[PDB]
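Engineer: One structure coming up, written as structure tokens, with questions to follow.
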Amino acid sequence: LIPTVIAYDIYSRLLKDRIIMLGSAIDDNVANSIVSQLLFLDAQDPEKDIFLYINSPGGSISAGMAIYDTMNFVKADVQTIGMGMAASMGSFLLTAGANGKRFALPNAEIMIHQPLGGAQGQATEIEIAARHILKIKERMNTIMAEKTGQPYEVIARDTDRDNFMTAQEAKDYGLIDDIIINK
Amino acid sequence: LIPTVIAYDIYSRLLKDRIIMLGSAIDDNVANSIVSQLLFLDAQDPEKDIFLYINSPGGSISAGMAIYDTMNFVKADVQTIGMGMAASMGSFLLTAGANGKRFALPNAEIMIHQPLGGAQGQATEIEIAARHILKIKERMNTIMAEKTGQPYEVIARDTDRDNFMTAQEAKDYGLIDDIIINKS
Amino acid sequence: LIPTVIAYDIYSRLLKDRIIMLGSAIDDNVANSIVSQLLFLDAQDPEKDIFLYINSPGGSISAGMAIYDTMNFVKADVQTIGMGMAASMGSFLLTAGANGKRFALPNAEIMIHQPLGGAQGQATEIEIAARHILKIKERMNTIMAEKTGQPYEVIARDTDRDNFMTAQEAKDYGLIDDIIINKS
Amino acid sequence: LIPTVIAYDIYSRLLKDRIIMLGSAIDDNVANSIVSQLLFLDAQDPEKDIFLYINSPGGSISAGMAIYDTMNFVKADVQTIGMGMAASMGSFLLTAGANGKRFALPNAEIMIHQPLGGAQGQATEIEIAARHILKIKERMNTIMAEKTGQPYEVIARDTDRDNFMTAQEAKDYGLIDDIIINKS
Amino acid sequence: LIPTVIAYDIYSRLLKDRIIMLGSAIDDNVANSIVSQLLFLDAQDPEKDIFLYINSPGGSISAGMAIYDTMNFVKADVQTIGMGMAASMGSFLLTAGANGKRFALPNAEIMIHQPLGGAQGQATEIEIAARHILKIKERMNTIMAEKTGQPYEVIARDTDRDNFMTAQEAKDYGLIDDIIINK
Amino acid sequence: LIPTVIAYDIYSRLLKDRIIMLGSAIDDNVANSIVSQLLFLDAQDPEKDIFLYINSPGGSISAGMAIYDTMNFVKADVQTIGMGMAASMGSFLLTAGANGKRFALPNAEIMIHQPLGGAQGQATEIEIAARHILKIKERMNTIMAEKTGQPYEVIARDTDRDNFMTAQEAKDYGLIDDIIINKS
Amino acid sequence: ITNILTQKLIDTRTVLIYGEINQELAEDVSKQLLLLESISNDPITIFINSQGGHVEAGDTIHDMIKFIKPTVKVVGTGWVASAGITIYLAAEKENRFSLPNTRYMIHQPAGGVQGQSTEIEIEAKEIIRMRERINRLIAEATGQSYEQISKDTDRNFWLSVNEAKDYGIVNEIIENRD
Amino acid sequence: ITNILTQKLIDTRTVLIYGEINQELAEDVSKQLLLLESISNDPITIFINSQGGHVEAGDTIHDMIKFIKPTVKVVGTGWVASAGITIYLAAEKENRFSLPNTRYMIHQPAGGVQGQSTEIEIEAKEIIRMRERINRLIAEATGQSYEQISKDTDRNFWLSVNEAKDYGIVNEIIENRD
Amino acid sequence: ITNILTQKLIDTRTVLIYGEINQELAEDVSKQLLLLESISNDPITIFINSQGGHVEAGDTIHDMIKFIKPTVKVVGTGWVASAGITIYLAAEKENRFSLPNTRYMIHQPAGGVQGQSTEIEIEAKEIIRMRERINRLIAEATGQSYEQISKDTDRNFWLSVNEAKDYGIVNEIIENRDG
Amino acid sequence: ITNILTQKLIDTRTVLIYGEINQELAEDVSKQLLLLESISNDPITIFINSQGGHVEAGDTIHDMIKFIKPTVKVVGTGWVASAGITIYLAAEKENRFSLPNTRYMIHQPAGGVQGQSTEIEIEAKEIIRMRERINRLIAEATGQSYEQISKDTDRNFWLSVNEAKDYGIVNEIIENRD
Amino acid sequence: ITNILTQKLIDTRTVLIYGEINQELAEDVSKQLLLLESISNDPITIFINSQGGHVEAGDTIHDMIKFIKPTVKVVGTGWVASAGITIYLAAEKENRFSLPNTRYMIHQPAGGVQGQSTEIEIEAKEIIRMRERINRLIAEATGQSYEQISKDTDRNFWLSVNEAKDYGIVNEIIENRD
Ligand code: NA
Ligand code: NA
Ligand code: NA
Ligand code: NA
Ligand code: NA
Ligand code: NA
Ligand code: NA
Ligand code: NA
Ligand code: NA
Ligand code: NA
Ligand code: NA
């Protein structure tokens, strides 16, 4: 279903109220759409808050990083609301929302994560790839430590393998600020 | 064949009367559409009821959970009408409608269910996945126990395997409030 | 190759005259479209008859059941016209039309049928599936017995395997009320 | 290469002059489009002739039979013009045009045919399928005998295998009334 | 990528000047489009010439035959212009243009051809198919003999295998009336 | 999920503010779009700066070279902003922005690279391909040496294998002029 | 020492029919039966574990069992179904044994046709005849009437080892060589 | 010298059942058992490493083990599951051994049906019967009651080597030939 | 002359375990070991080059090595990993040799499940038990404590030939037959 | 007469290593080497035509060549690359021959990893170690320094038969048996 | 009687090289040549029908032909192309025969590379060297100059049996054993 309403389509109509829906795996395409929407909304009114709904299993780290940097770039506060599932890059983006304005709905699943990747070719190429992803892991952990208030070692320990959390546990963890129930 | 009657396509026209059709397997895409429709309808008029028709075999638990949380989030009462088949997440969403406003058509099939999933990798990864889905099962059972009025143990027992129900059986079980037979 | 005519496409134009074309296999998608069209037409004018053309090999039983329940739900009389082929769920829907308003064109094929399905997994799961489809078979036979005027045992006997009928045979059986040849 | 011309596309523009293009294999989809077009044109003006251009290798017998019955159903005379290839159900539809108003262009190929089908399963199922297609063959031959003026045995003999004809041969045979060369 | 110019697309715009582009393999779909365009243009103004550009490797004989019969059916003269490649049914259609109004651009390739087909099944079915395609071959040769001015035997001899021609050779042969270079 | 807001789509709306989004692998298609956008924006107002956002893993060298030459061709200054990932041809294009107007967001990854290719056929054909790609490598290194201020040998050394950089490292290297963190 | 070894295999006078019945399997069995027949006229034991398969291959094995001089004894094991039953029923009733964990199944034959009515019609007549031939063969070997077999093989007719005995398929259920 | 070599293999009176249980494997085992039986009445040792597979193939091997004269001893190794258990349980309790690193699993049988209700219903009755037959077989060989086995095989019932001993599947856990 | 030839192969009392550990390979090894045992009680040498594979197949080979009377000596070559290690560790410590160019790897077992929670839960309990059984087996043969092995097998634990010696996997690194 | 024939093959004391180096090939070579060793202590000739393949399989063949008592002579033919070189370099320098039309190639090892950083990191450390082990092995057998080999194997290092001689890989280029 | 039969095959001293040249075929030929050499020093006849294939496999067969003591005679039949020519040209000119219906083809070697410039460049240098090595080999055996061969192998250079004779590839065209 891609229903329309008056010839505005439904996501376009929600965008007019400064709501961005991130509801799929994050790749370069999705990233570009989200980035453009953030850039557009800030150009229109830098004073009003933006609402970024996140229901994503994650995806490309660099793609999500484009969204992340754009969130911080725009003058407007980007509120983040986690619904359904916010995993990997999805939960990273969720934690990246403006201070005091990071929320999740009561039954949203949050999952945090060590970076995933691949390395192919000669030993030198594999080392280059390993060093690169290790660097990525370390700066991701650093940003997460900062946003949550957890010490670096705690983030590193807790993202070693898939770590699933309830909205309440995420709040406890400092990944979100509050749980939203009603309007 | 998706007809366009005056400019509106048929689902858009029904949405103007606050009717949302959930008529497919629930995934992230479908979830996002339903969520947006709920959010939009509540923004337009928080006082008027929303009508969510459900004909779904289920799908992603987290995707359905987005719809579920949005249903409770919006100020408007979300009425649920089960038609054809409401199974797994579909029947969960059906039971999640506003109190006294959960219905099914006379020949609608309802099916309740233990969560389905997968686990791959090393023993540690499999344990992580097992613990996760067990947690999911337990909170799903808890929410169902609450919505139906059945005790937790009864939900756990009755969802162990595929459990098919008539509309009448669903009503007796607490899943729905009443059966609609005619418009009046 | 769907031609437009005056911003309507051809099916939209026919819908404006309260004609719904069911011309494919019935699945959740098709069901949702037909249901929406029925719901829309009844909202517009509950007093005027709806015309449902059926040319379908059948499909999902639950999907067709959504259409079936909606046909009975709407206040308007749903006339059914069988053209080409009305098999399985298609012929079930054909027989479900308003009394005295079930027709077929002279060379339309009608076929009636025992339900088709599948069962996979452990013995318990297979039993659950078997019991479920048997229950479905029995209520389908019951509804058909009622609509045709045939006794239950006759429907059960005659749907054991694929049973092909001419429009005339369908009329004499009680599946349809009349054969339409020319315009009124 | 589907061009528009003025908000109509090219087939829509031709439909406004009561011309229907049947230019593909006949299946349920194509049938529904043709049927809708015939139904629409007759509703608009039952007095004016309809022009059905046929360039089809055939297809589903039941699908074509929907078109066939609709051609006879509508009050308007349906003229048939064969161009390129009219084979199987295509040539059947060509012969089904209004008396004196069945034409083919000079180099159009016409091919007549015994029904094609399939049968799978147990001996009983295969027999059911065989009896069904035999019945279909016999009523098709009967209708063709009637439209051409040939005796039944002649149609049965001449459709045993693929039978290709020139427009002239089709005219001698009684399949078509005449050949159109110019717009005179 | 079909460019537009003002709700008209580029082919629609050219159709308004009575130009039909046949620029692909000929099948039932293409045939129906061309036929509809010819029928439409003649209904609009039976007095003005139609321009059929042909750049086709050929295709279905019956499909092309629909176009052929429609070309002769319409009152308007159908001019044919061969560009790039006019092979098989393409060159047949090229030769089918109105007398004195069959052209090719200087470097257009023309190829003439015996019919191609297939036959499957029992001996009887194969014979039926063979007799049918032989009949097709003979009436195609007859129409070509007539349009070119060549005797039947010459067409039959020269189409036995793929026969490639320059625009100049096509003119000498009688397939086209003249070569266009400039406007 | 590409919103159409007022009709403009979101990228069209950003283009009206002279913003071009290069957010995919560079091939002939993407190149043609970017080139057209650059050509269009310069035709509209040669005095105002263009903003080229780059989030690309690279792609075809010749395709990117079309964009590169167009960037230098247009009178307007093309500002480049690297976000997410600018690798291979992506980072080449990033460095190709107007002097003092090459930026990256704080966490953007930049990667520089020796050209990738293939060679098939006889020894002569392989030599032709090898000589060609070597020539390409050498002129790419030359242009990079020029844009960064690094000596040729340094570029050649540092692009021998995948070389990943932070925005800060890209700045100290000369690939970008500064890092934008906030809108100030 | 492979002298006293394959001699031992051949001394058992035992043929194994395990798996899908096809022409390859029919060839193996035919060879073994013909080989054993030329050695002596002593009885031959056939162990059958078969879901069935190709009916004409089953016919060949059936007819070959009756064709050779030596008395053939059959022992059903695991399952014996369709074409498998035809083979099993080649042995005289006194010689039809079953191991305890065996189930039995008879049904009507199945197939497919594509083409013209005439072609379909021809193949239909043929499968009806085959259904009749097999039903009569079953009836004859089993003691049941043609119409009883005809009615029972309408759908898959599964029989436990004991029911197969009552039905006339199996004569004696054995657990040991005695 | 291949004289004293395959003679040595056959002198061990040892059969290996490793991998998926199917009709091919049932044929190999049947041949080997029949071969060993005709040589002498000395005991036969079977080493089983099997995840299971085709139940009717398992039934054949089970019944063949009981059918032949020689006493059969079984040694579970790696894992013994489903149809594998049925084979394992063919040996008398005193003769059921296990190597230390073995796990055991019993469960209800599985399958699939597609078609009409009637066809599905028929196959459902059949798999229920099979579930019952196997459960009774397990119960009988194991010492447990039918209802205990019936309850335990509801889902995959995994047993460590020691639990398999307590349960009555394994009799003696051995590490050495003694 | 094939008399004095395959006699020569069998006189070596040598079994090669090269490649993926599966049930087929377990059957070959079992046959060879049982064959060699019935010939004499002289020692048997096993050369292992294996990345591992099926754990239950590895268990069988492991248990069979201990089951037969003859003393079994193992020589690690190329690599010995996962189920391969289990096989290798069946031999008594004094009899565990390695060629110089060999690396060793222990890790926790892996697998997959699809279905209902109950089914997943059941299989999870099962793989946890398997992880524990193998870790104890490794600990016992190796001299390390259960918790040390448990901690080390968390991820892929690669060991060079010398580290495998220090760890208690390999006892003696050899280059020659001693000749 | 197959007596004097395969005796003749085994009298040559010749092993052929042609094609991709894998564990199967390692098993064949190991068997042949162990077989030849138990026959006598006379020298063994190995002809190598190999593009390489699995490094651990190459390691096994390398170590087995040194392990057995008989002196092993190697003859490079066609090409000897990667794991092939490791095998070739197992022989003492005096015993390393090449036929005239042979080329040689050494390079660093290759592989792939997918998963978490930790998993990638672990495998990276492992391939670095392998690169070092092989480079040292090459250096040692060849006479070159570790850093020279390390620098040269950065990319594919192709050597003609004469350059392979100069480099210390090949000792003597031969055309005839003498 | 298989005594006097395979003895007869080996008495012919005949090796057949039919089909694609690969490492497997190189192994077969090597074995046969080494086997025949240890039997006696009598001449060996090789019949070649080959479109070519793997150049390094061709190199091995070429070098092995020269390596063994017995004089090798080659008979070209059907076609001899690429790597096939290299093998053919291993024999001394006096010993290079052809059957009447044979054609011959020499061309430059072919291949593929994917990756970085450096990798492509390395492989390019390597195929240029290979082209040169093969061209010199052809020139030497054939009597033509290096630059003549170099010019002719630019594209596929097809030669009829008579032209192959004139060119110095074939020495004598024969129809009978004499
Ligand atoms: Na911000
Ligand atoms: Na609500
Ligand atoms: Na109604
Ligand atoms: Na009419
Ligand atoms: Na005309
Ligand atoms: Na510029
Ligand atoms: Na007999
Ligand atoms: Na016994
Ligand atoms: Na031992
Ligand atoms: Na040595
Ligand atoms: Na020589």
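To be explicit about the labels: the chains of the structure tokens are called A, B, and onward in the order shown, and within each one the residues are counted from 1, while ligands get numbers from 1 in the order they are shown.
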Using only C-alpha atoms, which protein or nucleic acid residues come within 8 Å of residue 51 in chain F? Drop anything in the same chain fewer than 4 positions from it, and give the result as a PDB file with C-alpha atoms, in the first residue's frame.

Structural biologist:
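Once written, selection.pdb looks like this:
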```pdb
ATOM      1  CA  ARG F  18      21.410  24.465  -6.657  1.00  0.00           C
ATOM      2  CA  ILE F  19      22.098  21.266  -4.687  1.00  0.00           C
ATOM      3  CA  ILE F  20      23.086  18.119  -6.599  1.00  0.00           C
ATOM      4  CA  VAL F  78      31.137  23.682  -7.809  1.00  0.00           C
ATOM      5  CA  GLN F  79      31.404  23.164  -4.064  1.00  0.00           C
ATOM      6  CA  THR F  80      31.865  19.560  -2.982  1.00  0.00           C
ATOM      7  CA  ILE F  81      30.616  18.128   0.306  1.00  0.00           C
TER       8      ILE F  81
END
```

Engineer: Just the residues within 12 Å of residue 12 in chain B, please, counting only C-alpha atoms, with nothing from its chain fewer than 6 positions along; format it as a ChimeraX atom specification.

Structural biologist: /A:1-10 /B:2-6,18-21,37 /C:33,36-37,40

Engineer: Given a cut-off of 7 Å, what residues near ligand 2 show up using only C-alpha atoms and all ligand atoms, put as a list in words?

Structural biologist: residues 71, 72, 73, 74, 75, 76, 77, 78 and 98 of chain B

Engineer: Please report, as a count of residues only, each residue of chain K to which DSSP assigns strand (DSSP E or B) when run on this structure's backbone.

Structural biologist: 48

Engineer: At a cut-off of 10 Å, list the chain E residues touching chain D, using only C-alpha atoms, as a PyMOL selection string.

Structural biologist: chain E and resi 2+7-16+21-24+27-37+39-40+42-43+46+60-76+124-125+128-129+131-132+135-136+139-140

Engineer: Give me the residues within 10 Å of residue 105 in chain E as an MDAnalysis selection string, counting only C-alpha atoms and dropping any in the same chain fewer than 4 places off.

Structural biologist: chainID E and resid 81:84 109 166:168 178:182

Engineer: For the residues in that selection, give me N, CA, C and O atoms as a short mmCIF file (atom, residue, chain, number, x, y, z; two decimals), in the first residue's frame.

Structural biologist:
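Resulting contents of result_21.cif:
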```cif
data_model
loop_
_atom_site.label_atom_id
_atom_site.label_comp_id
_atom_site.auth_asym_id
_atom_site.auth_seq_id
_atom_site.Cartn_x
_atom_site.Cartn_y
_atom_site.Cartn_z
N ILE E 81 10.57 5.26 -45.10
CA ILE E 81 11.97 5.69 -45.07
C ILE E 81 12.77 4.67 -44.27
O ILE E 81 12.53 4.48 -43.07
N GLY E 82 13.70 4.01 -44.94
CA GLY E 82 14.58 3.04 -44.29
C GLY E 82 15.79 3.73 -43.71
O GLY E 82 16.49 4.47 -44.40
N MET E 83 16.04 3.50 -42.42
CA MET E 83 17.24 4.00 -41.76
C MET E 83 17.90 2.90 -40.95
O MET E 83 17.23 2.07 -40.34
N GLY E 84 19.23 2.89 -40.95
CA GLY E 84 20.01 1.90 -40.21
C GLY E 84 19.93 0.52 -40.82
O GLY E 84 20.76 0.15 -41.65
N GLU E 109 21.18 -0.17 -44.35
CA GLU E 109 21.34 -1.54 -44.83
C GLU E 109 19.97 -2.15 -45.10
O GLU E 109 19.06 -2.03 -44.27
N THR E 166 23.19 -2.35 -50.23
CA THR E 166 23.31 -0.92 -49.96
C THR E 166 22.02 -0.25 -50.42
O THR E 166 21.24 -0.86 -51.17
N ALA E 167 21.80 0.98 -49.99
CA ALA E 167 20.64 1.75 -50.44
C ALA E 167 20.61 1.87 -51.97
O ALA E 167 19.55 1.73 -52.59
N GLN E 168 21.78 2.10 -52.56
CA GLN E 168 21.92 2.17 -54.02
C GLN E 168 21.52 0.87 -54.71
O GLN E 168 20.81 0.89 -55.71
N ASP E 178 13.96 5.88 -54.30
CA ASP E 178 15.05 6.84 -54.30
C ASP E 178 15.80 6.89 -52.96
O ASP E 178 15.30 6.41 -51.94
N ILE E 179 17.00 7.45 -52.98
CA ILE E 179 17.79 7.69 -51.77
C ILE E 179 17.65 9.16 -51.36
O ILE E 179 17.81 10.05 -52.19
N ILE E 180 17.33 9.39 -50.09
CA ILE E 180 17.33 10.73 -49.52
C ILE E 180 18.67 10.99 -48.84
O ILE E 180 19.15 10.14 -48.08
N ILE E 181 19.27 12.15 -49.10
CA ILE E 181 20.52 12.53 -48.43
C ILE E 181 20.30 13.74 -47.51
O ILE E 181 20.61 13.68 -46.32
N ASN E 182 19.75 14.82 -48.07
CA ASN E 182 19.46 16.04 -47.32
C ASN E 182 17.97 16.37 -47.30
O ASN E 182 17.15 15.62 -47.85
#
```

Engineer: Could you give me the residues within 12 Å of ligand 7, counting only C-alpha atoms and all ligand atoms, as number ranges by chain?

Structural biologist: G: 33-34, 37, 41-44, 62-73, 90-92, 95

Engineer: Rounded to one decimal, what separation in Å do you get between CA of residue 176 in chain I and CA of residue 36 in chain J?

Structural biologist: 16.0 Å

Engineer: If we count only C-alpha atoms and set the cut-off at 12 Å, which residues sit around range 151-159 of chain E, ignoring sequence neighbours fewer than 3 positions away in its own chain? Please answer as a ChimeraX atom specification.

Structural biologist: /E:87-88,91-92,111-116,134,137-148,162-165,173-175

Engineer: Counting only C-alpha atoms, a student should be able to say which residues of chain K come within 8 Å of chain F; what is the right answer, written as number ranges by chain?

Structural biologist: K: 108-117, 120-121, 124-125, 127-128, 131

Engineer: Using only C-alpha atoms, pick whichever of J:19, J:84, J:52, J:168 has the shortest atom-to-atom distance to chain K.

Structural biologist: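 Going through J:19, J:84, J:52, J:168 one by one, the smallest distance to chain K is for J:19.
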
Engineer: List the neighbours of residue 1 in chain I out to 7 Å using only C-alpha atoms; skip same-chain residues closer than 3 positions along the sequence, and give me the result as a ChimeraX atom specification.

Structural biologist: /I:4-5 /J:3

Engineer: Any chance you can output those residues with N, CA, C and O atoms as a JSON list (two decimals), in the first residue's frame?

Structural biologist:
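Listed below is the output, out16.json:
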```json
[["chain", "number", "residue", "atom", "x", "y", "z"],
["I", 4, "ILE", "N", 52.95, -58.16, -2.36],
["I", 4, "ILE", "CA", 53.98, -57.46, -1.58],
["I", 4, "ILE", "C", 53.74, -55.94, -1.51],
["I", 4, "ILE", "O", 54.41, -55.23, -0.76],
["I", 5, "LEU", "N", 52.75, -55.45, -2.27],
["I", 5, "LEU", "CA", 52.47, -54.01, -2.39],
["I", 5, "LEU", "C", 51.44, -53.43, -1.41],
["I", 5, "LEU", "O", 51.74, -52.46, -0.71],
["J", 3, "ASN", "N", 52.20, -58.06, -13.41],
["J", 3, "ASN", "CA", 53.28, -58.26, -12.45],
["J", 3, "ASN", "C", 54.49, -57.40, -12.78],
["J", 3, "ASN", "O", 54.90, -56.56, -11.98]]
```

Engineer: Output the contact residues of chain I with respect to chain B at a cut-off of 8 Å, based on only C-alpha atoms, as number ranges by chain.

Structural biologist: I: 108-117, 120-121, 124-125, 127-128, 131

Engineer: Report as a PyMOL selection string all protein, DNA and RNA residues lying within 12 Å of residue 132 in chain J, evaluated on only C-alpha atoms, omitting residues in the same chain fewer than 4 positions from it.

Structural biologist: (chain A and resi 123-124) or (chain I and resi 101+160) or (chain J and resi 107-109+125-128+136-139+146-147+149-151+153-154)

Engineer: Could you check which of H:166, H:175, H:123, H:28 is closest to ligand 9, using only C-alpha atoms and all ligand atoms?

Structural biologist: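 Among H:166, H:175, H:123, H:28, it is H:175 that comes nearest to ligand 9.
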